[PDB]
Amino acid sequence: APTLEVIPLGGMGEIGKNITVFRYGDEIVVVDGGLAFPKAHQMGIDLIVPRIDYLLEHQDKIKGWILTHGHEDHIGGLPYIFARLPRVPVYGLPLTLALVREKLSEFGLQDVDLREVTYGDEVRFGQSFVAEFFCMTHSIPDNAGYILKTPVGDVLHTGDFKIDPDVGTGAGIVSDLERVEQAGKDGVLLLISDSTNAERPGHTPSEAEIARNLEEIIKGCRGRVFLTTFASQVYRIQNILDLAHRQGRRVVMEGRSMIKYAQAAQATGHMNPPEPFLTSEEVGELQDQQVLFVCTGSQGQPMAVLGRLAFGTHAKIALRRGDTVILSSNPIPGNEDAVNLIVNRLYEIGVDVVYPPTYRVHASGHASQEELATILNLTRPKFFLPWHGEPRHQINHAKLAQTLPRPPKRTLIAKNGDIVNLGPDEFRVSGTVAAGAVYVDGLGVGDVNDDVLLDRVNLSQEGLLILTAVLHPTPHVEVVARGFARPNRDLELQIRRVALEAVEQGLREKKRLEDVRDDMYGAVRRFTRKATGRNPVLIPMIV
């Protein structure tokens, strides 16, 4: 009998560019459309978006979109994805849509059909799908999980979550554990659950506790306080606004990215400054102990605000001895060096530096094992797909589920492109569809691929040597080096002879000019390797 197909196109076996496809018959529902940020080896590129070959192929089957929350790994790919697809209904909570709308406006995309929903709303897609939204606490407001009701049963997707009893903003926001528990009693065929922190024992700390730690620290700061956190951590920022007021400090917000999230949050009633934000010039009128900066740059970006402060390149402010800088954040994996470098810059300036683990001034947005186990125990799913995690995270999430009273009948470790067939008693990967990464580099989408990146790597490691041989009047060779070594006239002449004698040997014994080009390349490679121990990229031209 017809089965549900769950086809992740991004977000499985990685943390980033989340997009999941649900297909039943000839109807498709898509969930999120995130981006990913480039790793160190993906040099020069700006962002990464999902391959949507599947969706282009079946674009007439798409009934609509669900957007769980406004983080970049869930809505960042949308300008790129929507531009290639028919306009379809796109459902999300208010902050999420605010962020997407601003994003599409930057892109110049028009007539996108964004539909505001709220927790509890049940939305229908085509004839065989109904989605019901429910609240899960996360590190951004208006974050949803959903129950997807299908002819074969119910799929419960947690979205991104932690179980935070108190996010500290006085708005009574809590995860809808009652709805989750009910779904378990009703029957959950498939659980899709956030695996980010599946290797962390215990419970992720509460934002209320972080806020209390921050207030205690700041309360004891004698001078100015500079604080950095993620741009989109609206709860953390709001709580910081509240304690700043209590501690008699006015707030300056700096950094486009954070100002952008702040503006959206204020427009949707999730950010409420007790006192107006001030400019740096305005707070310059106050005493040091009355000053708090909230700004970007927690990941050590030299061009971000904290970056410019740490490197002494900020236009209007200079850090000094007696300042306190707080990193209310942790380095995203791969940013350790960048953050270490700014931290050391700060210590050399002489400012008091505050960061984890010495100070507990950050809580992750994701459930640790106790919280993951709670969702598993409440939902009691027959089948289980650990999601939003690299393989290490998915597999340890799967191991955690085995320890529980009522382990799932089968757990699968899905990969992007996997076709996961779901029936009342079916749970298997039946096949694969085209999936992967598309690089965005400046205006270019997909014009930079791995083969292009491979060159960039080689250039990066070994630098460049251009050998141009000129046959007339008498054959001579020309050497141009870029990022190879500093000028060395002796070696330059030495490289010329090696190429030349190979060029003359291709003339002493006639070969095609194309053949001789390869011959001198090989000679110069051998010499240089012996002479310098280096293997520079050599570009020979016999023209």
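Start at 1 and count along the sequence shown; that's the residue number.
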State which stretch shows the higher mean Cα B factor in the entry: 145-153 or 192-200. 145-153
Out of 96-104 and 461-469, which stretch has the higher average CA B-factor listed in the record? 461-469
Which has the highest CA B-factor per the PDB entry: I52, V503, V29, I48? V503
Within this chain, which third does the Cα B-factor at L67 fall in: lowest, middle or highest? lowest
Tertile call for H362 (CA temperature factor, within chain, third-based) is the lowest
CA B-factor ranking of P356, expressed as a third of its chain: lowest
Chain-wide C-alpha B factor ranking for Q289, given as lowest, middle or highest third: middle
State the tercile, meaning the lowest, middle or highest third, of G522 with respect to the CA B-factors recorded for its chain. highest
